[PDB]
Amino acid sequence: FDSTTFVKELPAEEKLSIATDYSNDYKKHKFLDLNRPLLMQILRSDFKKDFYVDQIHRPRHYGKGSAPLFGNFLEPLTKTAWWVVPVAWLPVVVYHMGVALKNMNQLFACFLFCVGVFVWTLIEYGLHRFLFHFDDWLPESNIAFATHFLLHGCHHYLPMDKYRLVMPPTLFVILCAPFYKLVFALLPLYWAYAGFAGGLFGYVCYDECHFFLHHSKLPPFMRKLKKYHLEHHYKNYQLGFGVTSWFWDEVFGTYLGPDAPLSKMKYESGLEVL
C-alpha cells in the first residue's frame, strides 16, 4: 500500500512501480517534494542527519519517468542506462587484460584476473556497507547528505528509477582512480594489468547484475538473489550488502535471513516517535 513502510515479506512486483502521489507525500512526511528538483532541495534543507537517513531509505516512485535532480541543463548527467557500464568499461577490461597476456605467463595472468574478480566482491561488500550506508555515522551537514544521496541514497529513495541505478562513469572514475593507483603502485606492472582488468570486470558484472535484479524477471537460479537484494531495499538496509552474492554477508555476519527484523522508521510527519 504505502511504499515508505518496510514489509516482512515483499509485495507484488507491480506494487513496486506504483507512482507516488507527490503532494500527499510531501505533506505527509515533510521530506522532499518529488515535483521539484531534489538536489538543491537537499543542499538548502533544515534536516538533521537522523531524519535524512530515516527518510531517504523509505522508497518512493516517480512513475514511468525520472525525477529531476537539477531540473536544468545538467540533468542529462544524472541519467545513465544499464548498457552504459558495459560499453564504457569492457573495452578497458579487454585492453588491460590483452596487455598482460602478451607480456606475462598467460596462465598466471588468467589467475590474477580471477583474484581481481574476487577482490571486487569484497570491495562491493565494503563500499556498499561502509561508504554507501554511512548513514548514522553522517555529519550534520547538507553537503554530506547530498554526497550520500548521489552515491547511493537516491537509489534507495527511488529503487525503480531505471536511469539512476547503475553508476555514472563520471562518478565511477572518481572512486576507481584510487584503486587503479594502488594496484599499479603495489603489484608488478603486468600483474596490475591482469589484476585491474579482473577487478574492473567484476565491477561491470556487479552493476549489470544490480540493474537486472530490480528491472527483470531473471532465470530461476538468480531469482532468489533477487529476493535477497530486494529485501535490502524493502525490509532491512542494515543487512544484505552483497548483491552479486551474500558470501561476504555470511562471512561478516550481515546475512539477510528470513526472520531478520524490519528497519526502524524513526520519524513520522516530520517528528520523531518517543
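The first residue of the sequence shown is number 1, and the count goes up from there.
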{"property": "48-56 versus 204-212 - which carries the larger mean C-alpha B factor in the record", "result": "48-56"}
{"property": "112-120 or 135-143, whichever carries the higher mean Cα B-factor", "result": "135-143"}
{"property": "Chain thirds of CA B-factor: placement of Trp248", "result": "middle"}
{"property": "Third of chain Cα B-factors occupied by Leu69", "result": "lowest"}
{"property": "Lowest, middle or highest third - CA B-factor, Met222", "result": "highest"}
{"property": "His61, C-alpha B-factor rank within chain (lowest, middle or highest third)", "result": "middle"}
{"property": "Record-listed C-alpha B factor of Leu34: chain third", "result": "lowest"}
